[PDB]
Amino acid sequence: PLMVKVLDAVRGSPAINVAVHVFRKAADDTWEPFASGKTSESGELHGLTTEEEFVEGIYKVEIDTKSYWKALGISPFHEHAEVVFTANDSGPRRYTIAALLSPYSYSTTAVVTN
């Protein structure tokens, strides 16, 4: 039900081998680790969770943009890119979180479908 897609606006390419960490907000308002991985050669990270586990709640997707840019020898602005949202059962069932990265900027969108 959750996929993350990361693109590079400098090179016009997928952003490959980017670390992504997903957290779920706990009852005490802290962020508990939920899922993680590294983007593939297509800039995608699949397999993070299952329908059973991905219950309604507040989630944070953290994309390690700084390390990505540093590996390319480029000085970036942000420590990371953060996407924070509520999963809602009454909306469509599949969430794609997409991010388009530049050294001093990023764009993010959600594509939520059935």
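The term rigid core refers to the most C-alpha atoms you can superpose between the two forms while keeping them within 1.5 Å. Just count from 1 along the sequence shown to find any residue number.
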property: Rigid core superposition result in 8 other deposited structures of this protein, more deviant of 36-44, 82-90 by Cα; result: 82-90
property: Per the entry, higher mean C-alpha B factor between 88-96 and 17-25; result: 88-96
property: Stretch with the higher entry mean CA B-factor, where the candidates are 77-85 and 36-44; result: 36-44
property: Identity of residue with top Cα B-factor, from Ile58, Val55, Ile63, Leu72; result: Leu72
